[PDB]
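Asker: Supplied in structure tokens, the structure appears directly below.
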Amino acid sequence: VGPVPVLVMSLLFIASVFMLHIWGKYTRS
Amino acid sequence: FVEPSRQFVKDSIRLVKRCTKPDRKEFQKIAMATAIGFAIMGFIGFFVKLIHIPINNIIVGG
Amino acid sequence: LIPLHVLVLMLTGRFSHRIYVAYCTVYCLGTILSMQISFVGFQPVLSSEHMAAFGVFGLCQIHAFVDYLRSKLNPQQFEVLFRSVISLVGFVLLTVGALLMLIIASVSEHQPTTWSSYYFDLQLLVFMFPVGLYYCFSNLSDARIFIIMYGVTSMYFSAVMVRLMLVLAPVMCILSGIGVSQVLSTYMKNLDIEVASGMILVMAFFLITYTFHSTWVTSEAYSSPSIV
Amino acid sequence: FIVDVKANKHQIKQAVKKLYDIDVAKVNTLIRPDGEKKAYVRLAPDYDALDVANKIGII
Amino acid sequence: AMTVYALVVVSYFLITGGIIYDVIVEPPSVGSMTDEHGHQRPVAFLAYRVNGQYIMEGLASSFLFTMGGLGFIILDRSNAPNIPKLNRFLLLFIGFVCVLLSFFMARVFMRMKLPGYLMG
Amino acid sequence: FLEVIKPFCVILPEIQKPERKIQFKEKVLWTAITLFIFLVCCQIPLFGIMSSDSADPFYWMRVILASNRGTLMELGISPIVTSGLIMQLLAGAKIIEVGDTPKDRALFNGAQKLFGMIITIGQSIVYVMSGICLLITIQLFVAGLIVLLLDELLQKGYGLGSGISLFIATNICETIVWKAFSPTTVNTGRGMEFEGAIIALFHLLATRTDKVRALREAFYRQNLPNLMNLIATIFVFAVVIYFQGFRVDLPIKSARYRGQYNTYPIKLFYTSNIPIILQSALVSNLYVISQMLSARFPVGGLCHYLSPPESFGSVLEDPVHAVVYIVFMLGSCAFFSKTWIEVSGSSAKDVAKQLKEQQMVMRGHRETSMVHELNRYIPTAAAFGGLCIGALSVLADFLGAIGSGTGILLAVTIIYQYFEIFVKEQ
Amino acid sequence: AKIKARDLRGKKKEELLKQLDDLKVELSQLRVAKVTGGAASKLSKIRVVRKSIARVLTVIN
């Protein structure tokens, strides 16, 4: 990791999971 | 047909003494430091405890 | 609170005159001013709390006096000798004292409370509570240790009665009052005289969201009388 | 072994026997061009050399 | 000593969490009654009554609180001084602590809105 | 076999470590961020097919990684582990040749990535086999690629233990720790919500009076885990690190430099037998896979030479099963040592050509007598190094001081060697 | 670990000899270990044992 984006990349992936998890659950209840 | 048993049993007692048999210092270092390294991998189970059964309640309940 | 705080100043060893000379006044004169009042009446002679506070006052005034003597004398053997003498007289004072020792729960609020009284109660100002407290354990001055003991005790006591939450009502605001004023002071320090281009910049919207919460939770739960 | 240069074979034999509780067939010394009297020591045939070798540390 | 500070911050979430609900202990999370089909899904933090909690609610709240405070400790203890590695370690420290601060306050704001139904 | 697929398959690699070479503690920062990830990585999935059994290899499988029907831990690091192991096999075993040009080692990492991702896809397909099948596959690879990057940025990077082994270690710390404090129980003859935790044996003192029969349930608990079990579990850990330090020292005059003595050691555990125990495990796993084909064409009569006898009573009702189980355990680990060393390195010629290859010559004799210098150690320190692990795991079963047994002894042995590997680069 | 002059002064003559012997033995093994690599950890002792040996012999004389 010359760069720290790989970590940031992992964070982005969790957010994609994090947000996309409740994003479909928005229309449901 | 019996003597390779004698060979290996004497062969063991050879290399037991050639080993260095660590003392109160290196044992101490890998002991405490690697139980610490264990619990580095360890509390992770308490966090799948704290997470993945209550979200399994979220799973089954909905 | 007040004398047992003083008890803390035994063990940290940070006595002076200027603790003692101020402490004797509001102790001893305050006892008689309490003695004027009927609810605490001859109670300041007798109840298990302020009786032990009186014992602490006595040990404090002895330990001031002890410091005064024995500093003109050497650390000789004979100070250990009448140290034994005065210790046995003090402990026999302790024996004579220990020998002679003379729907509300249901009401929903005296029952214990969680974070809702908590963080619902005290939103941002929970977060900043250890901050200044760390600063109070950073620059542990003579005065601030009293507030640290006051941060301990009222936390322990607003663990059981949400009605007693009011005692922790200003405590948190004290040390968080320090805490932001630490963080702000250290981080408007660095620049105008990019980390502070975040860290100042969060603390407005980090803290002022508080004053949204304070505006309106006051309207939700508590804007309703008992008779109507 | 390496041995002290002043030693006789008789002394070496006696030392080897004393230190390692062993027993010798014969000692057979020379002097290294370096200065350290080397000693080849034949142990008696009741004893194995590799067994004692393991006892003393070397192998 | 600073170990006394360690003792106090240890006590912090310990008596923010569940000493109040040691004697009034309410078991962790299940309260759904089939909702239409599926019987006993464990629900959540309690929401309808404000003063109550469970064991699982309290621990989470306590954990959220002490990580935020000790994030500010980390801001003080290392980020303001200038001694260690001035491009690699420091940037990590402000990075993860700012992540701590922002996402922590955000999620605790969420965990008062959804059990609380407060107008945000 | 190597010369064709490896040059094309270079898609999305990792970035090699920078020029910030020597450091103490930002090393530990690169560890701790991954440990934040596996705080996070063990978290719930997004698809609502709520299947009844969690995982089918959930227990053994759980021992390796415990997010069974759970989080982005992806049921195991079993992709990276298995794909690393057979790669090092087929490099060491000369079914496939050795690449020692740096292009070949880089593309060797590339093919490592290749088999790893293909095995992730295989596990994904084989667990999902309704109409909701979309986007699971996208999630898994994203979370396969993440574990890939985190492991290979903790070999050439920080890496001291590994990425892998310390993940396993910390997740095992957690799997003890959920047993340590346990908040929920869905509602025996007495005593709900306390099963072999120390919190259980601290809540038990808060409920019940007559503390003698509070001690007795704490120390001789049978059906749930026990705290005598935990003492024996700790005890085994202490002894096994007593035996890891068994090592043979061999000093070496380096060639062409006056008297530096970086003594090559030979530890008895001898790659810590991650072959040899898993050699002992997976043959007895493949039949208990294929007893399912024995139901048609069993857990009874085939079990008497299949398994341990499971009983704390040492004189339990069959000595045949006990004797054959222990003798098979000892002989299996010894035999798989004496067969294993010939493939994954560190046999006699292996050590010799590595030392000549790194210019290290034994003082006592000529360079290619080094073989005969050390050929009288390595097989026995294979075989005994096999043997007194399995008998050691006998002491992991004979006394129930093991949280999971044999396997836990040996996966923490993995961790212990793992610490040495990480420390190596300091 | 440390052999001092301090204590040896009072000790009995036969007791002093056994101690010297036991150091002479310990010196031997380190010298053996110096040949076979051994370890830096061992190759310290060799200097220590030598001086403790002298400390013993000196007290005797």
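Here, A, B, ... name the chains of the structure tokens in the order displayed, residue numbers run from 1 inside each chain, and ligands are numbered from 1 in the same displayed order.
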What are the residues of chain F lining chain B at 7 Å or less? Count only C-alpha atoms, and put the answer as a count of residues only.
Answerer: 30
Asker: Find the spatial neighbours of residue 34 of chain E, counting only C-alpha atoms, within a cut-off of 12 Å - ignore same-chain residues fewer than 3 positions away - and output them as number ranges by chain.
Answerer: B: 60-62; E: 30-31, 37-43
Asker: As an MDAnalysis selection string, please: every residue in chain B that DSSP puts in alpha helix (DSSP H).
Answerer: chainID B and resid 3:18 26:42 44:52 54:61
Asker: Residues near segment 53-56 of chain G, anyone? I mean within 8 Å using only C-alpha atoms, not counting same-chain ones fewer than 6 positions away, as a list in words.
Answerer: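 Result of the neighbour search: residues 3, 4, 5, 8, 16, 19, 20, 23 and 24 of chain G.
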Asker: Please list as number ranges by chain every residue within 12 Å of residue 184 of chain C, counting only C-alpha atoms and excluding residues in the same chain fewer than 2 positions away.
Answerer: C: 128, 131-132, 176-182, 186-190, 196, 198-204, 207; E: 72, 75-76, 80
Asker: Give me a file of those residues, with N, CA, C and O atoms, as an mmCIF file, in the first residue's frame.
Answerer:
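Saved to out-v9.cif:
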```cif
data_model
loop_
_atom_site.group_PDB
_atom_site.id
_atom_site.type_symbol
_atom_site.label_atom_id
_atom_site.label_comp_id
_atom_site.auth_asym_id
_atom_site.auth_seq_id
_atom_site.Cartn_x
_atom_site.Cartn_y
_atom_site.Cartn_z
ATOM 1 N N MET C 128 -18.560 14.719 24.730
ATOM 2 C CA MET C 128 -17.492 15.558 25.217
ATOM 3 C C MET C 128 -17.196 15.378 26.688
ATOM 4 O O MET C 128 -16.252 16.011 27.165
ATOM 5 N N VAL C 131 -13.677 14.135 27.579
ATOM 6 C CA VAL C 131 -12.648 14.895 26.884
ATOM 7 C C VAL C 131 -11.945 15.837 27.836
ATOM 8 O O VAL C 131 -10.766 15.642 28.161
ATOM 9 N N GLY C 132 -12.693 16.800 28.373
ATOM 10 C CA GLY C 132 -12.169 17.645 29.420
ATOM 11 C C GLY C 132 -11.769 16.867 30.653
ATOM 12 O O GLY C 132 -10.826 17.254 31.349
ATOM 13 N N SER C 176 -17.531 18.867 29.624
ATOM 14 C CA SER C 176 -17.708 19.138 28.207
ATOM 15 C C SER C 176 -17.455 20.596 27.894
ATOM 16 O O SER C 176 -16.906 20.912 26.832
ATOM 17 N N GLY C 177 -17.826 21.479 28.822
ATOM 18 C CA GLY C 177 -17.422 22.865 28.725
ATOM 19 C C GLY C 177 -15.923 23.029 28.693
ATOM 20 O O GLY C 177 -15.406 23.912 28.010
ATOM 21 N N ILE C 178 -15.202 22.167 29.397
ATOM 22 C CA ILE C 178 -13.761 22.142 29.235
ATOM 23 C C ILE C 178 -13.399 21.514 27.904
ATOM 24 O O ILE C 178 -12.556 22.039 27.164
ATOM 25 N N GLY C 179 -14.090 20.425 27.551
ATOM 26 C CA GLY C 179 -13.600 19.532 26.516
ATOM 27 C C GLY C 179 -13.557 20.167 25.144
ATOM 28 O O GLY C 179 -12.513 20.161 24.486
ATOM 29 N N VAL C 180 -14.679 20.746 24.715
ATOM 30 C CA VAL C 180 -14.700 21.578 23.522
ATOM 31 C C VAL C 180 -13.691 22.704 23.639
ATOM 32 O O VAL C 180 -12.855 22.888 22.750
ATOM 33 N N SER C 181 -13.653 23.375 24.793
ATOM 34 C CA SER C 181 -12.706 24.469 24.961
ATOM 35 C C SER C 181 -11.285 23.974 25.077
ATOM 36 O O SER C 181 -10.353 24.778 25.072
ATOM 37 N N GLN C 182 -11.087 22.670 25.204
ATOM 38 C CA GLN C 182 -9.764 22.175 24.895
ATOM 39 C C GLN C 182 -9.591 22.027 23.397
ATOM 40 O O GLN C 182 -8.693 22.647 22.811
ATOM 41 N N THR C 186 -6.943 24.080 21.010
ATOM 42 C CA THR C 186 -5.819 23.439 20.365
ATOM 43 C C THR C 186 -5.940 23.505 18.856
ATOM 44 O O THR C 186 -4.923 23.441 18.159
ATOM 45 N N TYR C 187 -7.142 23.677 18.323
ATOM 46 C CA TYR C 187 -7.262 23.563 16.886
ATOM 47 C C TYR C 187 -7.744 24.806 16.177
ATOM 48 O O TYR C 187 -7.819 24.787 14.949
ATOM 49 N N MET C 188 -8.021 25.895 16.881
ATOM 50 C CA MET C 188 -7.822 27.167 16.210
ATOM 51 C C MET C 188 -6.450 27.723 16.502
ATOM 52 O O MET C 188 -6.145 28.849 16.104
ATOM 53 N N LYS C 189 -5.628 26.947 17.199
ATOM 54 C CA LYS C 189 -4.251 27.339 17.450
ATOM 55 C C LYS C 189 -3.431 27.326 16.173
ATOM 56 O O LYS C 189 -2.636 28.238 15.922
ATOM 57 N N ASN C 190 -3.651 26.327 15.327
ATOM 58 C CA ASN C 190 -2.575 25.871 14.464
ATOM 59 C C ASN C 190 -2.427 26.722 13.212
ATOM 60 O O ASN C 190 -1.362 26.729 12.591
ATOM 61 N N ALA C 196 -7.188 21.237 10.734
ATOM 62 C CA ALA C 196 -8.062 22.212 11.367
ATOM 63 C C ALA C 196 -9.070 22.754 10.376
ATOM 64 O O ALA C 196 -10.084 23.331 10.777
ATOM 65 N N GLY C 198 -10.821 20.715 8.897
ATOM 66 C CA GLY C 198 -11.952 19.892 9.260
ATOM 67 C C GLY C 198 -12.411 20.120 10.686
ATOM 68 O O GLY C 198 -13.607 20.263 10.951
ATOM 69 N N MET C 199 -11.452 20.171 11.610
ATOM 70 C CA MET C 199 -11.745 19.912 13.014
ATOM 71 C C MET C 199 -12.421 21.083 13.700
ATOM 72 O O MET C 199 -13.228 20.882 14.611
ATOM 73 N N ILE C 200 -12.092 22.302 13.303
ATOM 74 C CA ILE C 200 -12.942 23.425 13.657
ATOM 75 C C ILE C 200 -14.294 23.253 13.007
ATOM 76 O O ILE C 200 -15.344 23.361 13.647
ATOM 77 N N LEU C 201 -14.266 22.941 11.719
ATOM 78 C CA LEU C 201 -15.427 23.002 10.859
ATOM 79 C C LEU C 201 -16.459 21.944 11.199
ATOM 80 O O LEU C 201 -17.644 22.144 10.919
ATOM 81 N N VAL C 202 -16.050 20.838 11.807
ATOM 82 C CA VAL C 202 -17.057 19.906 12.281
ATOM 83 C C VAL C 202 -17.749 20.460 13.518
ATOM 84 O O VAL C 202 -18.981 20.426 13.607
ATOM 85 N N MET C 203 -16.984 21.097 14.410
ATOM 86 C CA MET C 203 -17.428 21.357 15.771
ATOM 87 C C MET C 203 -18.573 22.328 15.855
ATOM 88 O O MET C 203 -19.291 22.311 16.850
ATOM 89 N N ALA C 204 -18.750 23.173 14.851
ATOM 90 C CA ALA C 204 -19.984 23.928 14.766
ATOM 91 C C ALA C 204 -21.157 22.979 14.618
ATOM 92 O O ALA C 204 -21.928 22.777 15.562
ATOM 93 N N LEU C 207 -21.705 20.451 17.283
ATOM 94 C CA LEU C 207 -22.266 20.886 18.552
ATOM 95 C C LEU C 207 -23.628 21.529 18.384
ATOM 96 O O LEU C 207 -24.522 21.268 19.190
ATOM 97 N N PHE E 72 -11.449 11.257 20.802
ATOM 98 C CA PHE E 72 -10.944 12.589 21.115
ATOM 99 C C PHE E 72 -9.669 12.541 21.928
ATOM 100 O O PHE E 72 -8.806 13.422 21.804
ATOM 101 N N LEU E 75 -7.060 12.209 19.337
ATOM 102 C CA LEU E 75 -6.800 13.521 18.754
ATOM 103 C C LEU E 75 -5.852 14.332 19.616
ATOM 104 O O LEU E 75 -4.935 14.986 19.107
ATOM 105 N N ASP E 76 -6.035 14.270 20.932
ATOM 106 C CA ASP E 76 -5.156 15.036 21.811
ATOM 107 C C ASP E 76 -3.765 14.420 21.890
ATOM 108 O O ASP E 76 -2.760 15.123 21.743
ATOM 109 N N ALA E 80 -2.092 16.324 17.839
ATOM 110 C CA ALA E 80 -1.517 17.640 18.073
ATOM 111 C C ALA E 80 0.012 17.657 18.187
ATOM 112 O O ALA E 80 0.605 18.618 17.667
#
```
Asker: Write out as a PyMOL selection string which residues come within 8 Å of residue 89 of chain E when counting only C-alpha atoms, dropping same-chain ones fewer than 4 positions away.
Answerer: (chain E and resi 84-85+93) or (chain F and resi 26+29)
Asker: Please provide the set of residues having any atom within 9 Å of residue 16 of chain F, restricted to only C-alpha atoms, with same-chain residues fewer than 4 positions apart removed, written as a PyMOL selection string.
Answerer: (chain A and resi 1-2) or (chain F and resi 153+156-157)
Asker: Could you list, as a JSON list (two decimals) with N, CA and C atoms, in the first residue's frame, the residues of chain D having an atom within 10 Å of chain B when counting only C-alpha atoms?
Answerer:
```json
[["chain", "number", "residue", "atom", "x", "y", "z"],
["D", 50, "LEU", "N", 29.09, -42.71, 18.74],
["D", 50, "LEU", "CA", 27.97, -41.84, 18.38],
["D", 50, "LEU", "C", 27.02, -41.60, 19.56],
["D", 51, "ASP", "N", 26.93, -42.57, 20.46],
["D", 51, "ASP", "CA", 26.09, -42.47, 21.65],
["D", 51, "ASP", "C", 26.64, -41.44, 22.63],
["D", 54, "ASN", "N", 26.44, -37.92, 21.13],
["D", 54, "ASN", "CA", 25.14, -37.31, 21.44],
["D", 54, "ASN", "C", 25.01, -36.81, 22.88],
["D", 55, "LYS", "N", 25.63, -37.53, 23.81],
["D", 55, "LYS", "CA", 25.65, -37.13, 25.22],
["D", 55, "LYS", "C", 26.38, -35.81, 25.45],
["D", 56, "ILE", "N", 27.59, -35.70, 24.89],
["D", 56, "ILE", "CA", 28.42, -34.50, 25.08],
["D", 56, "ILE", "C", 27.96, -33.26, 24.30],
["D", 57, "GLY", "N", 27.08, -33.45, 23.31],
["D", 57, "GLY", "CA", 26.47, -32.34, 22.56],
["D", 57, "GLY", "C", 26.67, -32.44, 21.06],
["D", 58, "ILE", "N", 27.86, -32.88, 20.65],
["D", 58, "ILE", "CA", 28.28, -32.86, 19.24],
["D", 58, "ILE", "C", 27.56, -33.92, 18.39],
["D", 59, "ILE", "N", 27.28, -33.58, 17.13],
["D", 59, "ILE", "CA", 26.80, -34.54, 16.13],
["D", 59, "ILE", "C", 26.66, -33.85, 14.76]]
```
Asker: Mind the document's chain letters and residue numbers, and return as a list in words the residues of chain D that DSSP labels strand (DSSP E).
Answerer: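 Secondary structure check on chain D, strand (DSSP E): residues 24, 25, 26, 27, 28, 29, 30, 31, 37, 38, 39, 40, 41, 42 and 43 of chain D.
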Asker: Dump N, CA, C and O atoms for the selected residues as an mmCIF file, in the first residue's frame?
Answerer:
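Below is the file result-v2.cif, written as the result:
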```
data_model
loop_
_atom_site.group_PDB
_atom_site.id
_atom_site.type_symbol
_atom_site.label_atom_id
_atom_site.label_comp_id
_atom_site.auth_asym_id
_atom_site.auth_seq_id
_atom_site.Cartn_x
_atom_site.Cartn_y
_atom_site.Cartn_z
ATOM 1 N N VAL D 24 38.645 -45.984 27.524
ATOM 2 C CA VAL D 24 39.374 -45.770 26.291
ATOM 3 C C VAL D 24 40.096 -47.043 25.876
ATOM 4 O O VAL D 24 40.537 -47.823 26.722
ATOM 5 N N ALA D 25 40.190 -47.243 24.563
ATOM 6 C CA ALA D 25 41.063 -48.248 23.981
ATOM 7 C C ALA D 25 42.457 -47.658 23.830
ATOM 8 O O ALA D 25 43.427 -48.198 24.367
ATOM 9 N N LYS D 26 42.551 -46.545 23.107
ATOM 10 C CA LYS D 26 43.827 -45.875 22.893
ATOM 11 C C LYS D 26 43.662 -44.414 22.472
ATOM 12 O O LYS D 26 42.652 -44.023 21.883
ATOM 13 N N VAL D 27 44.679 -43.626 22.795
ATOM 14 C CA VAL D 27 44.749 -42.217 22.456
ATOM 15 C C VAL D 27 45.849 -42.102 21.426
ATOM 16 O O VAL D 27 46.799 -42.891 21.436
ATOM 17 N N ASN D 28 45.730 -41.112 20.550
ATOM 18 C CA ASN D 28 46.551 -41.066 19.353
ATOM 19 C C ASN D 28 46.823 -39.628 18.906
ATOM 20 O O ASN D 28 46.348 -39.187 17.861
ATOM 21 N N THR D 29 47.615 -38.908 19.698
ATOM 22 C CA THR D 29 47.759 -37.460 19.532
ATOM 23 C C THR D 29 48.643 -37.019 18.382
ATOM 24 O O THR D 29 49.507 -37.761 17.923
ATOM 25 N N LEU D 30 48.392 -35.789 17.938
ATOM 26 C CA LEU D 30 49.260 -35.051 17.025
ATOM 27 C C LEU D 30 49.204 -33.579 17.410
ATOM 28 O O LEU D 30 48.460 -33.216 18.322
ATOM 29 N N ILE D 31 49.964 -32.736 16.714
ATOM 30 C CA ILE D 31 49.934 -31.290 16.945
ATOM 31 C C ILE D 31 49.561 -30.553 15.664
ATOM 32 O O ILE D 31 50.228 -30.699 14.642
ATOM 33 N N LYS D 37 47.231 -29.153 20.078
ATOM 34 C CA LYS D 37 47.310 -30.607 20.113
ATOM 35 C C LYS D 37 45.928 -31.248 19.936
ATOM 36 O O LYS D 37 45.055 -31.116 20.792
ATOM 37 N N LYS D 38 45.745 -31.925 18.812
ATOM 38 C CA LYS D 38 44.532 -32.673 18.553
ATOM 39 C C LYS D 38 44.729 -34.047 19.142
ATOM 40 O O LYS D 38 45.864 -34.491 19.307
ATOM 41 N N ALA D 39 43.628 -34.714 19.461
ATOM 42 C CA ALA D 39 43.677 -36.068 19.989
ATOM 43 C C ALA D 39 42.540 -36.925 19.442
ATOM 44 O O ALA D 39 41.368 -36.616 19.650
ATOM 45 N N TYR D 40 42.908 -37.993 18.736
ATOM 46 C CA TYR D 40 41.975 -39.030 18.321
ATOM 47 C C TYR D 40 41.995 -40.074 19.433
ATOM 48 O O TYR D 40 43.068 -40.522 19.847
ATOM 49 N N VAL D 41 40.810 -40.450 19.911
ATOM 50 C CA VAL D 41 40.664 -41.296 21.091
ATOM 51 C C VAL D 41 39.723 -42.440 20.759
ATOM 52 O O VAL D 41 38.516 -42.241 20.649
ATOM 53 N N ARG D 42 40.289 -43.631 20.612
ATOM 54 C CA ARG D 42 39.528 -44.828 20.291
ATOM 55 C C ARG D 42 38.906 -45.317 21.577
ATOM 56 O O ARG D 42 39.620 -45.612 22.531
ATOM 57 N N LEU D 43 37.580 -45.407 21.600
ATOM 58 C CA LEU D 43 36.864 -45.952 22.752
ATOM 59 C C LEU D 43 36.775 -47.468 22.617
ATOM 60 O O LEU D 43 36.738 -48.008 21.502
#
```
Asker: Per residue of chain A within 12 Å of chain B, what are the shortest atom pair and its distance in Å to one decimal, counting only C-alpha atoms, with rows by chain and residue number, as a tab-separated table?
Answerer:
```
residue	atom	partner	partner_atom	distance
A:25	CA	B:62	CA	10.6
A:28	CA	B:62	CA	10.0
A:29	CA	B:62	CA	8.5
```
Asker: Taking only C-alpha atoms into account, what are the residues of chain A at most 12 Å from chain E, put as a ChimeraX atom specification?
Answerer: /A:1-5,7-8,11,15,29
Asker: Taking C-alpha atoms for each residue, export the selection above as a compact mmCIF listing (two decimals), in the first residue's frame.
Answerer:
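The resulting result-v2.txt:
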```txt
# COMPACT_ATOMS: atom_id res chain seq x y z
CA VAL A 1 0.00 0.00 0.00
CA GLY A 2 2.14 2.81 -1.30
CA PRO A 3 -1.36 4.48 -1.19
CA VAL A 4 -4.24 4.19 1.28
CA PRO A 5 -7.12 3.94 -1.28
CA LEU A 7 -8.41 0.68 2.46
CA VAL A 8 -10.68 3.45 1.29
CA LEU A 11 -14.68 1.23 3.04
CA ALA A 15 -20.78 1.45 2.19
CA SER A 29 -41.36 -2.44 5.60
```
Asker: Could you give me, as a list in words, the residues within 10 Å of residue 119 of chain E, counting only C-alpha atoms and dropping anything in the same chain fewer than 6 positions from it?
Answerer: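 Those residues are residues 213, 216 and 217 of chain C; 113 of chain E.
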Asker: Restricting it to C-alpha atoms, dump the selection as an mmCIF file, in the first residue's frame.
Answerer:
```cif
data_model
loop_
_atom_site.group_PDB
_atom_site.id
_atom_site.type_symbol
_atom_site.label_atom_id
_atom_site.label_comp_id
_atom_site.auth_asym_id
_atom_site.auth_seq_id
_atom_site.Cartn_x
_atom_site.Cartn_y
_atom_site.Cartn_z
ATOM 1 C CA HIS C 213 -32.305 18.865 19.998
ATOM 2 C CA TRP C 216 -37.563 20.582 20.586
ATOM 3 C CA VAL C 217 -37.302 17.601 22.940
ATOM 4 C CA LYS E 113 -34.234 8.431 15.682
#
```
Asker: In terms of the shortest atom-to-atom distance over only C-alpha atoms, which of G:2, G:31, G:50, G:45 is closest to chain D?
Answerer: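 Using only C-alpha atoms, chain D sits closest to G:31.
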Asker: Please produce, as JSON lines, a per-residue contact table for chain E versus chain F (criterion: any atom at most 7 Å away, only C-alpha atoms considered), showing the nearest atom pair and its distance in Å to one decimal, sorted by chain then residue number.
Answerer:
```
{"residue": "E:27", "atom": "CA", "partner": "F:184", "partner_atom": "CA", "distance": 6.5}
{"residue": "E:28", "atom": "CA", "partner": "F:184", "partner_atom": "CA", "distance": 5.2}
{"residue": "E:55", "atom": "CA", "partner": "F:183", "partner_atom": "CA", "distance": 6.5}
{"residue": "E:56", "atom": "CA", "partner": "F:183", "partner_atom": "CA", "distance": 6.8}
{"residue": "E:89", "atom": "CA", "partner": "F:26", "partner_atom": "CA", "distance": 5.5}
```
Asker: Using C-alpha atoms, can you write the selected residues to a file as a tab-separated table (two decimals), in the first residue's frame?
Answerer:
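Once written, again-v7.tsv looks like this:
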```tsv
chain	number	residue	atom	x	y	z
E	27	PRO	CA	-33.70	-10.41	28.02
E	28	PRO	CA	-32.03	-9.51	24.70
E	55	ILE	CA	-28.92	-6.12	27.58
E	56	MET	CA	-28.21	-5.90	23.85
E	89	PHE	CA	1.32	7.40	10.63
```
Asker: Would you mind reading off the distance between atom CA of residue 159 of chain C and atom CA of residue 4 of chain C, one decimal, in Å?
Answerer: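 Taking atom CA of residue 159 of chain C and atom CA of residue 4 of chain C, their separation equals 20.1 Å.
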Asker: When distances are computed from only C-alpha atoms, which of C:28, C:11, C:69, C:80 shows the smallest separation from chain E?
Answerer: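 For chain E, the nearest of the given residues is C:11.
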Asker: What does the distance from atom CA of residue 292 of chain F to atom CA of residue 57 of chain F come to in Å, to one decimal?
Answerer: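 Interatomic distance here is 14.3 Å.
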Asker: Please identify all residues of chain F having at least one atom at most 12 Å from any atom of chain A, considering only C-alpha atoms, and return them as a PyMOL selection string.
Answerer: chain F and resi 12-21+27+29-48+71-72+135-136+138-159
